[PDB]
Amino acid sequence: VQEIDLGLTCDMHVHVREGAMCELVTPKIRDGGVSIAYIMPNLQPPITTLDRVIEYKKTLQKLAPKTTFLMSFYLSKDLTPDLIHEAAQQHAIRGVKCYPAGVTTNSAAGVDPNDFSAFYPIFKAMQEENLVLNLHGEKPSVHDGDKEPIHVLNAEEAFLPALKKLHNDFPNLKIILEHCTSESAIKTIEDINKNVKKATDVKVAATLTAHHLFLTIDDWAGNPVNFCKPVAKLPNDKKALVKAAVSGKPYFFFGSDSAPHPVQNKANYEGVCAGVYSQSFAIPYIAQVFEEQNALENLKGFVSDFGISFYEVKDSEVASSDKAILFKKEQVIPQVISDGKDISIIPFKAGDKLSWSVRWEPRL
C-alpha cells in the first residue's frame, strides 16, 4: 500500500548522548517514526548509578514528552547486585547493556568477555528482576601469534559461544544479541529458538539495524560515515540479515543503533568514531527494505509487535498513544543534520531520497 498503520513503533537500541547533541537528537526519535526507545548507557562516565539514570530520563522526557523511554545500566565494575534490585523495583531501568572493553564508542570501562564470571552475581540479580541483558556481542581483537586471531570480521562469530554459555547458565534471563551482522549469528539465534513458536517463549533475541540491511564492507572501506561496530560484513551476511528482518519471526526486531557523532569526529585520518546516525529517518529506512523484499505486511511485526512483546511493554508505560502512520510521500535526506550552533551530523544515506514519510495519529 500507501499508508500503513504501524501503531506504537519500537526502536530497541538508541544513542542520544548528552548536552547539545542530546537536545538535537532526542526529538528526532519521534520525527523518525519511533514511539518507544531503549536508551543505551555508554555516556562519559557510563550510567552506573540510580540517580544518574533517573535524572537522564528526566532530561529526555523534557526534551521529548511524547516519547516512551526505557533505560539501562552500563555493565560495570562499579555495579553491585544490590543496586540491580533497587533500580528494578523503582522501575528506573529495563536492562543492563554489556560492552566488551575497547570494541566500540565509550567501551573503555567495559568487560572482558572471556571471563564473565565476576558478573554472575549481577546476572543472577538481573534474572530475578526480569531485566534484559543486552550484549554488544564482539570479542576484543587478538593478533598474538599462538591462538586464533580475532579481528573486526570474525569478532562477532567468536562471541557466539559466550552468548550460548550465558544463555545456558541463566535460562530464564531475557538476553539480546544487539545489532547482529553475520550469517553465523543469525544461525545461532535461529537455533536457540528451535522450538519456540509464537513470541512469548523467546528468551534470546537479536536486534537488527537499518544500516546493516543496506551496507557491506565495500560501503565503509573508504567511507567513514558508514563505519560502525560491528562492521558491515559480506554480501552473504547482509543477505542473511535482510532475510531475517522480513522473516516475520518473533526473535528478530528493530534496534537502530543510531549513534550520533559530530562530523569532525568522522573526518579523521585515524581513530574515526564508530557509528551510523539513523534516528531522523529510522522507520522510512526500514520501510524501503520491506518494500524491496515484497514484505510490507511483516513491517509492523518487525518495528512494533516483537519489540513490545519481548520487552513486555504495557500500555500503562507509554508516554503517548499516538500511532505511527507510514505514508508514501517522497523526501530527500539532507546532507547534514544541524542544531545551527556547533553540531553537524551526516545522516545515514545522506542525500538519498526515500519513498516513505511518517506522521503521527492519535488513537480515538
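Heads up: residue numbers just count along the shown sequence, starting at 1. Here, rigid core means the biggest group of C-alpha atoms that superpose within 1.5 Å across both forms.
*Asks:* Which of the two stretches, 145-153 versus 279-287, has its Cα atoms farther on average from this form in 6 other deposited structures of this protein when everything is superposed by the rigid core?
*Replies:* Taking the RMS over all superposed structures in 6 other deposited structures of this protein, 145-153 lies farther out.
*Asks:* Following superposition on the rigid core, is the mean squared CA displacement, expressed as RMS, greater for 193-201 or for 87-95 in 6 other deposited structures of this protein?
*Replies:* Of the two stretches, the larger average C-alpha offset in 6 other deposited structures of this protein falls on 193-201.
*Asks:* Which of the two stretches, 275-283 or 195-203, shows the higher mean Cα temperature factor in the record?
*Replies:* The deposited B-factors put 195-203 ahead on the C-alpha mean.
*Asks:* Which is higher on mean Cα B factor in this entry, 72-80 or 258-266?
*Replies:* Per the PDB entry, the higher value belongs to 72-80.
*Asks:* Between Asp144, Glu156, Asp237, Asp218, let me know which has the highest C-alpha B-factor in the entry?
*Replies:* Comparing C-alpha B-factors across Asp144, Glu156, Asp237, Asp218, the top value belongs to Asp144.
*Asks:* So among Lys139, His212, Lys124, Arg94, who wins on Cα B-factor in the entry?
*Replies:* Out of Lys139, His212, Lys124, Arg94, the record gives the largest C-alpha B-factor to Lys124.
*Asks:* For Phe227, does the deposited CA B-factor place it in the lowest, middle or highest third of the chain?
*Replies:* Its C-alpha B-factor belongs to the lowest third of this chain's values.
*Asks:* Would you mind ranking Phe252 by its C-alpha B-factor against the rest of the chain and naming the third, lowest, middle or highest?
*Replies:* For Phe252, whose C-alpha B-factor we compare with every modelled residue in the chain, the answer is the middle third.
*Asks:* Can you work out whether the C-alpha temperature factor of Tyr38 puts it in the lowest, middle or highest third of the chain?
*Replies:* Within its chain, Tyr38 is a lowest-third residue by C-alpha B-factor, going by the deposited values.
*Asks:* By the record's CA B-factor, is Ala118 among the lowest, middle or highest third of residues in the chain?
*Replies:* According to the entry, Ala118 has a C-alpha B-factor in the chain's highest third.
*Asks:* Is the Cα B-factor recorded for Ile325 in the lowest, middle or highest third of its chain?
*Replies:* Highest third.
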